[PDB]
Structures are given as C-alpha cells and as structure tokens.
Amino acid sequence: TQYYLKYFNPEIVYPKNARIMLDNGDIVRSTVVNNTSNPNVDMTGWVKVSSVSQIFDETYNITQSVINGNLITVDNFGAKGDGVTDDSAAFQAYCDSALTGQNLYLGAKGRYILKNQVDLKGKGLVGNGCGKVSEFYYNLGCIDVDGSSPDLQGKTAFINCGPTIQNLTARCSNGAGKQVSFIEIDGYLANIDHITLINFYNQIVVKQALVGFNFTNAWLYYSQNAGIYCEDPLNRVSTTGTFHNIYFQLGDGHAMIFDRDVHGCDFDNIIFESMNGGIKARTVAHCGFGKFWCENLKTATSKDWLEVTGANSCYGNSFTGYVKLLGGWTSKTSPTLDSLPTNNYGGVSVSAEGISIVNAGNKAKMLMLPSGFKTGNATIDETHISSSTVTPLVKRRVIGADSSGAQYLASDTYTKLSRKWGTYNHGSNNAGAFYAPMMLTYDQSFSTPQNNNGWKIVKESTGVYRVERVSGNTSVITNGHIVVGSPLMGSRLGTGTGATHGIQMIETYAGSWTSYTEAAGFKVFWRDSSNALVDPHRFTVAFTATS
C-alpha cells in the first residue's frame, strides 16, 4: 500500500494499459484487453516499459529505438574496450549482424583487445581516431591485437576487409617473432586513409592485385617484415594504385614489398626513417615517384630506396620528385647516375639534381644541368621529331647585335654538300660565312684512290689531274670555292721541289659552268719553273660545292 509493486496473479484479468512487474521487477504494460497471459512466460499482449521501443523523442515523434540506428559500433555487441577483455567475439557479432552497415565502427573511447582473428565479412574498418605513436593515444582509442595469443600466430588479425580502412589506430602487443599481421584487404577498389599502425609482421596485406587502390596519410611504425605487402599469387599484375603521405619508421624489413609486378602506380611524399628496405618489386613499369625522404637504416648498412629485382623490369617511370638520401640510402634513379648498357632503372628523372632520361636496356642517357648537357653513350643526336622528314636542320646561334642593338642569331648550313656558319656585317649590311671545305688528296702510292663524297682525283696525262665524279655521283658543284694545296714532288716524302698550278672546270653539260656556274668537277694542271707539265707524287685540294 505504501509502495508500488504487483507481480502477476493468475486470478486477475488485466485491462489494456494495466501495469505490473515481472518476477525480475521490470514493469510490463498490457497492450490488449482481457489480458490473462503470464508475461513471465509469454510476452504476447505485453511490452516492457523500460525498453527504448517504448521511449519517445517528442522532437521527432519517433522511438529511441529508431534514433539508436543512427550509429552502431562494436560497443552495441558487448565490446568493452578496456585494455584487458578480449573483444573478438563482439567484433565478430557486429560483422555477423543484420543491423550493421558497410563498415565496422569503434566506440568513442576504448583500447579494444583482440585475441582471436576477426572475419570482417566484407565490412570496412573505421576507428575512433588516427593518433600519434604513443600510449596516450592507444589508451584513448585503438585496436590492440594480442600478438601473444597462440590462435593469432602466423595469421592476419582481420580478414576480408571491405574497401575502407580509415580514422584508425591499431597496434600489436607482445607479438615479437609471432608473425602476426594486421589486415587483409582486396586490391580492387580501396580507400585507405588516416591510419596509424604499430608493430605487426605485415601491416597491410593486399590480396590479389592492386587496381583503383588508394592509400594515403598513414603512419606505419615498427613493422617486422613490411608496412604494405602484395603477393599477387596469380600474377594478375597490380595497376593504378596510389600511395601518398606515408611515414614508414623503424621497421625491421621493407616499407613495401610487391612479390611481382606493378604498373601505373603513384608514390608521393613518402618517408623512410630507420627502415631496412624501401619499396621492393619484381617489375616497376610506368609508375610515378614524387618526393621521398630517406633517412637512416635500422640495421642494414646500404639499401636502395627503390629495389626492382627483374632484369630490365624497371622501365617507363617518372622519377619526378627529389629523393633525399641520408644515413646509407642509395638510389639507382638519380639524373646524374651514369647509364649502364642494360638494367638501368628506366624513366625520366627530374629534380634540382638534373633533368635526365634513360631506357632500361640501352646505354643512351641525356642529362641537362645548369652548365649544359651530358650524354651516357658518348653521342648526341640532333634530328626531326618526324621520322619521315629528310630535310637538313639549321642551327641558329647568337653571335652579336644588329644595328638597333637587338640580338643577332646567325644560321648555319649542314647538308650533304655544304658545311657553313653564317655571319652578318651590320656596318655594311652584308651577309657572310665561315666554311669547312671538302678536302681530298691525290697520292700515287695509295692502293686505291681517296674518295670524298663521290669525288676522287685521277691522273689524266702528264701534269693534268681530274677532280672527278665517280659512277653514281650525280651531285654538282655550284659556284664553288677552290683551293689547291701543296705538292710533294718526286716521291711520297717529297724532294722539296715545287710546282705551279692552274685549274679548269669540268662541266655537267655544255655551258653549265660558263653560263650557270655548275660543274661536275675540275682539272688541276701542274707545271715546273720552265712552265713544263710535271707530275706531283701527292697533293691536296680543298673545295666547296656551293658559294
């Protein structure tokens, strides 16, 4: 009478809305008229008044039950996040539930211990913060995998991850030597961002091959084998993966290991600090590499920041950010690196160190520096972009000023028949040129006549020599310059006696020279001091095929 408490009584008929207590003390309300059912064994016709399905938010005129569908976490399934209790069953219940969405979520605060593998069943993973690598952040929010658990030895803690890993701090405690990896995620369609992973054997285990795989803003500390590992067991070939803003620190192994081939992937703003390896792959093809900061090795003495193991399997790449190398890191991608005859890390390299380009399987490499150019094969080509164009080139070079004081660029000539360098006199307004003539020498001791460009010198008769076209030479001299050189008389060594020359042109057709200054060649006539025709043993001529 002085308090409220009534248990079920089988003699009573409970009207609609009547309230009594279950034997455990919880109040139930009848939802039907003439209720004679015992709510302790049969809840038909009754509801528990302390249930959120019976509590309403008047602002929305909906039950608290509905509002509790806004955000569901592992806490809903009994996870404690208390740094001690194994929450693996709660995590699994979440992933097996009909009520949960695309991703698994952690509660606001908790250090969630996992002593058994969790099958995410295709759900992604969203944590409760991306923290620094310190106990302060682990205590506020993280997944803490128990690496000492026998059931996790040699296994990955999370399998069948969906396309999301984000906003997460996750560590492995007491797993040294137990080969506990963190998470398995498929290579096709992933967004991984804002994560901090601490310890583990492999931190990110990629299944199958990359394609549309995006990875950014990750602090990956103390991995024992790799920060990111992609086996690609079926050799699908990884493509179109992006890896940005990743800090790899104090790992016993590599930053990234691809057992096989990587194509069209992008790597930028990556840090290797005290690792024992950088990025390792069998093949790296048509990938982009931006800025890398490589500082110190954990126990190794020397390591390449990028390690490609296949012969001529590093090609088509863009090494277009500066790679900082400190404390033992080396590079096979620097613009200033000398080329090899084969097995170069093929690609374009652009940084303050230089602008260069090289292919994997050839010695050719060009490098531009502030001073000019360097070549890897002792050769520099100059030609047309079009492979079909067969005109000569003209090079223009600043040599002075015109009368107004503007730069004067002079033009050269390099054809099959002419080598010249232009000039100009702005005082008198006359073009000019410097000449590299054809030179050609007759020597009666030669086994075969010397030939320059289809011309040879032959003796016609005593004292008369033809500088003549050989069979097939249809080229001509047009208004050319002619210089005859010095005679060696009497023998190849020469007696020291002299001779006087004159010339006569050889026409291509009657009147070709007289009228049009076209010639096939020319004759040289040699005479002694008595004006008699004489035969030198050897003499030179120099001539041009144009004016």
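In this text, residue numbers run from 1 along the sequence as written.
The stretch 152-160 shows the higher mean C-alpha B-factor when 286-294 is compared against 152-160 in the entry. The deposited model assigns a higher average Cα B-factor to 37-45 than to the other stretch when 65-73 and 37-45 are compared. Annotation for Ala378, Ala79, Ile457, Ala170: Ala79 ranks highest, by Cα B-factor. When the Cα B-factors of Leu114, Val348, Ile399, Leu440 are read from the PDB record, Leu114 comes out highest. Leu533: CA B factor lies in the lowest third for its chain, per the PDB record. When the modelled residues of the chain are ordered by C-alpha B-factor, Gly310 sits in the highest third. In this PDB entry, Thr240 carries a Cα temperature factor that places it within the middle third of its chain's modelled residues. Among the modelled residues of the chain, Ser404 sits in the highest third by CA temperature factor in this PDB entry. In the PDB entry, a CA B factor belonging to the highest third of its chain's modelled residues is recorded for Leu22.
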